[PDB]
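> Next up is a structure, given as structure tokens.
Methodologically, a virtual Cβ is constructed for each residue, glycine included, from the backbone with ideal geometry; neighbour enumeration extends over all protein chains shown. Numbers and lists here come from the model and the stated rules, or from a named source; no laboratory instrument gave them.
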Amino acid sequence: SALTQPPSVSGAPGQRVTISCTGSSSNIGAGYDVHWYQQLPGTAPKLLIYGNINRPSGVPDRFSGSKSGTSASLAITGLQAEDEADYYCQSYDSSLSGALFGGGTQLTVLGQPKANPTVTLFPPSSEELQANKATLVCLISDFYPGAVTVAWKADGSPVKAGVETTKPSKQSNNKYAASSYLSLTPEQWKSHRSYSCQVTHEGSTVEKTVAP
Amino acid sequence: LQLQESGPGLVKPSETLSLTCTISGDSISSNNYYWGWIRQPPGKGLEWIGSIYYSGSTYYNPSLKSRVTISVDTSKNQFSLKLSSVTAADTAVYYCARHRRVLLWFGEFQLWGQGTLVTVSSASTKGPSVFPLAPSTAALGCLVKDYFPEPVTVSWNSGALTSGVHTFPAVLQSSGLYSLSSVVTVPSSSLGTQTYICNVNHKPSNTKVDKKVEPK
Amino acid sequence: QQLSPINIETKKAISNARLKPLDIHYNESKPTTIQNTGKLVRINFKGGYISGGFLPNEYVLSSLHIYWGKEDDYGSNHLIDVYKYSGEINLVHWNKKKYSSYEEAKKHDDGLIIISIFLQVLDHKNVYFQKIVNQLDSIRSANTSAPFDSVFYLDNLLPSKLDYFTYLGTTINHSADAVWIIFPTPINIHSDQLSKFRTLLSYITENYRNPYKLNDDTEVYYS
């Protein structure tokens, strides 16, 4: 009563990638069909293959399904960048008397070039200062690979408190984004000539500066 | 045909999670289909909860059989989930979906809802504070500060402004509260004349804030 | 909502991996009563079942219904490529493995499986079907029941080939949903035998229900 999938696969663009779905005599081996779903980050699953081999309208020709014995297989013939996603096989199981999903396979498309981060730094708003608080907002987008280091400065001296930085996550274009937030008192903000957000990525640094 | 989940973001631990899917564009009373609930804990796999036939019959996941109830309301074109005695393992995105009846078993899940996040936590509901990020092409935005739980949606000019918009993933602070920012890149000649409003919707607290963002 | 009966279109029927041969066990099936219902002839049973094929559990036999038309060439409920047979028998079954009675099973999604055996008027006198034909004298009036005072083995009314179509529809009265198993190969009877049903009283010239539209989202399967 379990459908096993390898947790991850990867391939370069235009390669053939297969994802296996191993089942049992209670599901795939009993002739209950296998269906596949694609899931982009933060969106619902979308039906990709049904009845072992069928494609709904809209699903391109490069997606393909097969089945033999207790095992089934999703093939992708000619990887595109849009195919980065989680893929799930699914079937019916007689001892469960209901539907059964596999664990999922994370598909990564290799070969992406290095991309330098776009950085935007915002000072505290008038409204936030009037409410006796102050947040500096450093926004970091369109970079690859995902590893980024973010440093803050008050007048060219390193800031050692009030910083919280997100872990980088994939945007819809498969590049990474992250945010860094420096919280200060209004007194601290007005106590320096400028603040800076310095973002280091693959050895080089991008800097932005704002002033009261 | 569309499916549409409706229900609370937050439920206190050891209490009953309650959701409702609303079908539009087609009738729910059809013997060719079942109506199912599926869930996905953050960063983990899909799990089938259970399914229901138009005329009442139910089939549940044997892992969760004792805690799960599903029901149908054919007069209001909807079906419901109730999940009792809830712990942090039940924090997940919950999907409603139509799947095929194949003779004496189930086929594929053809159409799915958007999904709705339900968080298991003893903590209270916190609608965000919204602050404009003035432009000073130009970047302007909205700081959406101190909310709980996820999620938050941001649109600009009620959805009319989409090009150049990047709403960033939230930071989870040491306080246990979230913050995010949304920015839009715009031509800098428009800044005197063109209205820019961010529309923040935090559905878990029904907090809706429209914030006009102007040059200082 | 897909109602029964339907015109099965062969060009639209599809395959499925679970449609193995259907095992039919009527070796321990005996008839009990036989009825004229005002509309049709019902024969109740006690014992017997079906299994194998695509069924997960076994479904036990309940009753047998018989349908016919005004003339010999046109009397079935179901059709195959706009072609009607002379009559139709419906063997009703229900999921005793899961549920406690027939009327209980009538409320569930998977409660009922109805088998369909066609009748075709040739010039052969069916020796097994005759034993039903003989009993019709008891149930002349509408709404009468009589005991089956005759040894009868249901297996002998099965077609020679058990290739089948199967779809989800309803019971004929639209009481409940049911899976159909429809054998295209009909059993052969004489016009005399079928015309005896037409002497029953409500004169019941015909009792077939007209077909409903096969919906675009309904799948019919071939074995």
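> Going by the structure shown, is B:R100 among the charged types (D, E, K, R) and within 14 Å of chain C (Cβ to nearest Cβ)?
When the stated conditions are applied, B:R100 passes them.
> Quick one: A:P13 ticks every box in (1) buried (at least 18 other Cβ atoms within 10 Å of the Cβ); (2) closer than 19 Å to A:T77 by Cβ except a single one, so which number is it?
(1)
> Please indicate, with yes or no, whether at least one residue in the range B:124-143 is closer than 30 Å to A:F101 by Cα, out of contact with any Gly (no Cβ under 7 Å at 6 or more places or on another chain) and either among the aliphatic types (A, V, I, L, M) or not assigned by CATH to the domain that holds B:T20 (or both).
Checking the range B:124-143: not a single residue is closer than 30 Å to A:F101 by Cα, out of contact with any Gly (no Cβ under 7 Å at 6 or more places or on another chain) and either among the aliphatic types (A, V, I, L, M) or not assigned by CATH to the domain that holds B:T20 (or both).
> Hey, another quick one. Look at the range C:26-50 and say how many of its residues are crowded, with 17+ Cβ neighbours inside 10 Å and either closer than 25 Å to C:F165 by Cα or touching a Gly at 6+ places or on another chain (Cβ under 6 Å) (or both).
Total satisfying the criteria: 10.
> Among the listed residues A:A161, A:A134, identify the single one that is out of contact with any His (no Cβ under 9 Å at 6 or more places or on another chain), within 13 Å of chain B (Cβ to nearest Cβ) and surrounded by 13 or more Cβ atoms within 10 Å (Cβ to Cβ).
Within the list A:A161, A:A134, the selection yields A:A134.
> Could you tell me whether any residue of the range B:73-91 is part of a strand (DSSP E or B), of a type outside the set (S, T, Y) and within 14 Å of chain A (Cβ to nearest Cβ)?
no
Per-residue answers, yes or no, for (1) farther than 18 Å from C:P5 by Cα; (2) over 10 Å from the mean Cα position of the chain (by Cα):
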{"site": "C:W68", "(1), (2)": "no, yes"}
{"site": "C:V92", "(1), (2)": "no, no"}
{"site": "C:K98", "(1), (2)": "yes, yes"}
{"site": "C:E104", "(1), (2)": "yes, yes"}
{"site": "C:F118", "(1), (2)": "no, no"}
{"site": "C:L122", "(1), (2)": "yes, yes"}
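> Pick from A:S183, A:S172: which is part of a loop (DSSP other than H, G, I, E, B) and either out of contact with any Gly (no Cβ under 8 Å at 6 or more places or on another chain) or among the hydroxyl-bearing types (S, T, Y) (or both)?
A:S172
> Would you tally the residues in the range B:103-126 being of a type in the set (D, E, K, R) and within 12 Å of another protein chain (Cβ to nearest Cβ)?
Qualifying residue count, the range B:103-126: 1.
> Taking the options A:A75, A:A44, name whichever one is facing chain B (nearest Cβ under 8 Å) and either closer than 16 Å to B:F109 by Cβ or not in a loop (DSSP other than H, G, I, E, B) (or both).
Of the residues listed, the single one that is facing chain B (nearest Cβ under 8 Å) and either closer than 16 Å to B:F109 by Cβ or not in a loop (DSSP other than H, G, I, E, B) (or both) is A:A44.
> Is there a residue in the range A:177-199 that is within 14 Å of chain B (Cβ to nearest Cβ) and of a type in the set (D, E, K, R)?
No; the residues of the range A:177-199 include none that is within 14 Å of chain B (Cβ to nearest Cβ) and of a type in the set (D, E, K, R).
> Quick check on my filter: what residues within the range A:16-40 are more than 14 Å from chain C (Cβ to nearest Cβ) and surrounded by 13 or more Cβ atoms within 10 Å (Cβ to Cβ)?
Of everything in the range A:16-40, those that are more than 14 Å from chain C (Cβ to nearest Cβ) and surrounded by 13 or more Cβ atoms within 10 Å (Cβ to Cβ) turn out to be A:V17, A:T18, A:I19, A:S20, A:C21, A:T22, A:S24, A:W36, A:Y37, A:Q38, A:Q39, A:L40.
> If you go through the range C:1-17, how many residues are part of a loop (DSSP other than H, G, I, E, B) and either loosely packed, with under 14 Cβ neighbours inside 10 Å or within 14 Å of chain A (Cβ to nearest Cβ) (or both)?
4
> Just to be sure before I move on: is B:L143 surrounded by 21 or more Cβ atoms within 10 Å (Cβ to Cβ), within 11 Å of chain A (Cβ to nearest Cβ) and under 22 Å from the mean Cα position of the chain (by Cα) in the structure I sent?
When the stated conditions are applied, B:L143 passes them.
> A further question on this structure: Given the conditions (1) buried (at least 19 other Cβ atoms within 10 Å of the Cβ); (2) within 14 Å of chain C (Cβ to nearest Cβ); (3) more than 21 Å from the chain's Cα centre (by Cα), report the number of the one that B:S51 does not fulfil.
Here B:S51 clears every test but (3).
The rows are residues; the columns are (1) buried (at least 18 other Cβ atoms within 10 Å of the Cβ); (2) in a loop (DSSP other than H, G, I, E, B).
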| residue | (1), (2) |
| --- | --- |
| B:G107 | yes, no |
| B:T119 | yes, no |
| B:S136 | no, yes |
| B:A139 | yes, no |
| B:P151 | yes, yes |
| B:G176 | no, yes |
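> Still on this structure, I have one more. Would you mind stating whether C:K20 is in contact with a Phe, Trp or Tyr (Cβ under 9 Å, 6 or more places away or on another chain), surrounded by fewer than 17 Cβ atoms within 10 Å (Cβ to Cβ) and farther than 25 Å from B:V102 by Cβ?
No; evaluated as a whole, the condition is false for this residue.
> If you take the residues in the range C:191-208 that are outside any helix (DSSP H, G or I) and surrounded by fewer than 18 Cβ atoms within 10 Å (Cβ to Cβ), which one is nearest to the other protein chains (Cβ to nearest Cβ)?
C:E206
> Restrict the check to the range A:120-129 and report whether at least one residue is assigned to a strand (DSSP E or B) and away from chain B (no Cβ under 12 Å).
no
> Right, something else. Can we say A:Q106 is under 20 Å from B:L143 (Cβ atoms) and either surrounded by fewer than 19 Cβ atoms within 10 Å (Cβ to Cβ) or in the same structural domain as A:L79 (by CATH) (or both)?
The answer is no for A:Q106.
> What are the residues in the range B:58-105 that are surrounded by fewer than 17 Cβ atoms within 10 Å (Cβ to Cβ) and under 16 Å from A:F101 (Cα atoms), if any?
If the condition is that a residue be surrounded by fewer than 17 Cβ atoms within 10 Å (Cβ to Cβ) and under 16 Å from A:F101 (Cα atoms), then B:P62, B:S63, B:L64 are the ones that fit.
> Scanning the range A:69-100 for residues that are out of contact with any strand residue (DSSP E or B) (no Cβ under 7 Å at 6 or more places or on another chain) and of a type in the set (S, T, Y), which turns out surrounded by the fewest Cβ atoms within 10 Å (Cβ to Cβ)?
A:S95
> Just need a number here: residues in the range B:188-216 that are among the basic types (K, R), over 19 Å from the mean Cα position of the chain (by Cα) and either surrounded by 12 or more Cβ atoms within 10 Å (Cβ to Cβ) or in a helix (DSSP H, G or I) (or both).
Matching residues across the range B:188-216 total 1.
> Next question, about the same structure. Which one of the conditions (1) assigned to a strand (DSSP E or B); (2) surrounded by fewer than 17 Cβ atoms within 10 Å (Cβ to Cβ) does A:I49 fail to meet, given that it meets all the rest?
It fails just one condition, (2).
> Let me ask another. Here are some conditions: (1) surrounded by 18 or more Cβ atoms within 10 Å (Cβ to Cβ); (2) of a type in the set (D, E); (3) more than 14 Å from every other protein chain (Cβ to nearest Cβ). C:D81 meets all but one. Which one does it not meet?
With (1) surrounded by 18 or more Cβ atoms within 10 Å (Cβ to Cβ); (2) of a type in the set (D, E); (3) more than 14 Å from every other protein chain (Cβ to nearest Cβ) applied to C:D81, the lone miss is (1).
> Could you tell me whether C:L55 is surrounded by 14 or more Cβ atoms within 10 Å (Cβ to Cβ) and part of a loop (DSSP other than H, G, I, E, B)?
Considered against the rule, which asks whether it is surrounded by 14 or more Cβ atoms within 10 Å (Cβ to Cβ) and part of a loop (DSSP other than H, G, I, E, B), C:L55 comes out as yes.
Rundown of residues vs (1) on the phi > 0 side of the Ramachandran plot; (2) part of a loop (DSSP other than H, G, I, E, B); (3) more than 14 Å from every other protein chain (Cβ to nearest Cβ), yes/no style:
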{"site": "C:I114", "(1), (2), (3)": "no, no, no"}
{"site": "C:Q120", "(1), (2), (3)": "no, no, yes"}
{"site": "C:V133", "(1), (2), (3)": "no, no, yes"}
{"site": "C:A142", "(1), (2), (3)": "no, yes, yes"}
{"site": "C:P159", "(1), (2), (3)": "no, yes, yes"}
{"site": "C:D163", "(1), (2), (3)": "no, yes, yes"}
{"site": "C:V179", "(1), (2), (3)": "no, no, no"}
{"site": "C:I182", "(1), (2), (3)": "no, no, no"}
{"site": "C:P186", "(1), (2), (3)": "no, no, yes"}
